[PDB]
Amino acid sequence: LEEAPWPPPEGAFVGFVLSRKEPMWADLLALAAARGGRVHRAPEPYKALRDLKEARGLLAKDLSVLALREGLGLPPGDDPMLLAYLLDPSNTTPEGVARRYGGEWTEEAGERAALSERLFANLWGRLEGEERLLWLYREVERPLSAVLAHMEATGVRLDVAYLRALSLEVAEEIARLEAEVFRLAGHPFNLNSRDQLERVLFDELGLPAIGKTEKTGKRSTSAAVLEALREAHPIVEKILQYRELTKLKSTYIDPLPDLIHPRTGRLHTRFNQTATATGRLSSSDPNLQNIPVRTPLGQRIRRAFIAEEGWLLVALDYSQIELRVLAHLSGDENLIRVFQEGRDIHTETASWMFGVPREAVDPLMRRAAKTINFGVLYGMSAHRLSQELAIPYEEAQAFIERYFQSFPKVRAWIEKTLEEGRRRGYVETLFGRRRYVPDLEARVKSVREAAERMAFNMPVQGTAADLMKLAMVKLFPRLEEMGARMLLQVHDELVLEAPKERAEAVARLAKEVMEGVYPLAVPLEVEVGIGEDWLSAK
């Protein structure tokens, strides 16, 4: 390409190099652009950002986030990654997309700009005729990237002092647990080492080995195994408690306070748009889509996520989302009637397994019911179900029988989905998002049946993701007009931040937008709450 002077013409494809993957923390090391057979390299990247009206190219969102960090309104536009991701969700990295569609992903901005131009031309050509995939690109993914950019650049407020004090408290308790484990073992050892713990439990203490690990075939010390051994030795109980606290302390309590950005004073995650096989987003650096919430200590961690002074958090979460999607996709009249009558399958399964009235079901019980309802739906075995439900194997097999017998159209849909996946080689969501599942024709049963479970799950989970994404695209401009912020997304949930005097109005509006994003054969219901912290708003 002919090297031309900065700036480039409007509509050029951008290429950029970051000192680190996180745009909110990265130094913009180089900036370049390409169009019309030319390449423009910026003398000073930061100054050069002011010259762009739109970020078109690979990882456009990341550059837009960095521009927002610097107070620049540089929205993301076309991104070859989103085109490749829609053609095949296994296209998740620029390294692979480049090598697959005509280029090489290097570490030079000028080459990345030229690569973005070449890959867009080729990928856009491959989507000619894919009307449904082009609709998802034009109406969902491309506009969503702008929404995610603003979310990432905004961040969430965290109660640092609260978590600092919590760290010191949990530390003392971990010391009491580790000292108790060492005494029962008769000697000290690295309790974090599952190899050393394996010997203590199964060689020294002589406890029975329940299961083995996948790759190396060692005797597993997983929670499920230890749960089965909860009454075989007092050490097992202390280990489970040690595992819980060290996990929450090492992954959330201690790391998150150190990630507050100096310029914003807030915590900034990344929402990765081409990371999953089903169309879901993912969150990383740090992951804010798996913040603790189940246990009492987990709830205390949620409370650390707070609203800015004078603001309130608004949390909206779809009710029984994939079950409602399943009703629409399958067309089972019985399942449809469940939601038309306002029933809650999670509560009903919870009341059955715990033997208590509906009003006695606590959040912990309901989460346990979710595992069963979705576990059974997506192919859980009676053997595992018997252990999860703590019932005889014969009763567990009966549970799976009544489950599908209650909704006979579900099985018919599963077989229709798998058959089409075998013939076409991919399954699709309600909006046409595809996932290629070639192992549906595999000759090894284990491999084949694994692909099958992945296959007919993707339309359900993927449609829910399509719906959530479309709702985010619709809702974002409405929140801007009301002075509200979109902070976090958790697959079927949104966390917003609104002025105290507008929180009620935002909550009502966001609820309506989410529930009416795309009318289905069943109503989409959203649970909404308002509070100064994430747990309160739930």
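What we label the rigid core is the largest C-alpha set whose atoms superpose within 1.5 Å from one form to the other. For every residue, the number given is its place in the sequence shown, counted from 1.
- Superposing on the core and measuring CA offsets in 8 other deposited structures of this protein, the stretch of 119-127 and 225-233 with the greater mean deviation is 225-233.
- Displacement analysis by core superposition in 8 other deposited structures of this protein ranks 282-290 above the other of 90-98 and 282-290 in root-mean-square C-alpha distance from the shown form.
- If you average the C-alpha B-factors over 319-327 and over 281-289, the higher value belongs to 319-327.
- Here the stretch with the larger average CA B-factor, out of 161-169 and 401-409, is 401-409.
- In this entry, the residue among 384, 194, 243, 112 with the greatest C-alpha B factor is 384.
- Residues shown: 465, 450, 336, 437. Highest C-alpha temperature factor in the entry: 336.
- Sorting the modelled residues of the chain by their CA temperature factor places residue 515 in the middle third.
- The entry lists a Cα temperature factor for residue 264 that places it in the lowest third of the chain's modelled residues.
- Residue 354: CA B factor in the highest third of modelled residues in this chain (values from the PDB entry).
- When all modelled residues of the chain are sorted by CA temperature factor, residue 501 is found within the highest third.
- Among the modelled residues of the chain, residue 50 sits in the highest third by CA temperature factor in this PDB entry.
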